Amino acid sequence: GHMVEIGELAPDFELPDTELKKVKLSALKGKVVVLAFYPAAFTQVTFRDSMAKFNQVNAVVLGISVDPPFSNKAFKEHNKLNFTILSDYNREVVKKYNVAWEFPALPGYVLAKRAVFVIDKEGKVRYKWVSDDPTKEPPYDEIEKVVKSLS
């Protein structure tokens, strides 16, 4: 089964972005990468989604959800997200990162937990945060300090 720990090589993957362009994690070696998993585009709470808090991060942020690319494109534009948003539509990556759960109101609907992984220039996992509660937000300040140490 899948378990991701600090110090391990981050599991590689290739997913389509909002323009259906294939994005491969390992092609980003040489750059700090932040994986930002979210349960669902257009989750309602506010004028802008919390994913916009990654706009200011000094790294290559990959937002990842199981939403289809067409909807993620509208979500990206509506919320002025300035970074790549990927669609894990077959749930390959939520499984590889062990961040899958079933949405309570939708039997058999598997989606990402709210999670963040920071990956160094060598492709190793250097920070991990996974919340079972989808409404919690990650500690952005700590994440940015980790990114700084890897830059």
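A residue's number is simply how far along the shown sequence it sits, counting from 1.
Deposited-sequence gap flanked by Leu106 and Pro107: Unmodelled stretch: none, continuous chain.
Of 50-58 and 111-119, the stretch whose C-alpha atoms average the higher B-factor in the entry: The recorded data point to 50-58.
134-142 set against 11-19, stretch whose average Cα temperature factor tops the other in the entry: Higher mean C-alpha B-factor in the PDB entry: 134-142.
Options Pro69, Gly63, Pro39, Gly30 - largest CA temperature factor per the record: Most elevated C-alpha B-factor of the set, per the entry: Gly30.
Chain thirds of CA B-factor: placement of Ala100: It belongs to the middle third of the chain when residues are ordered by C-alpha B-factor.
CA B-factor placement of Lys124, once the chain's modelled residues are sorted into thirds: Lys124: CA B-factor falls in the highest third of its chain.
Third of chain Cα B-factors occupied by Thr84: Lowest third, going by the recorded CA B-factors of the chain.
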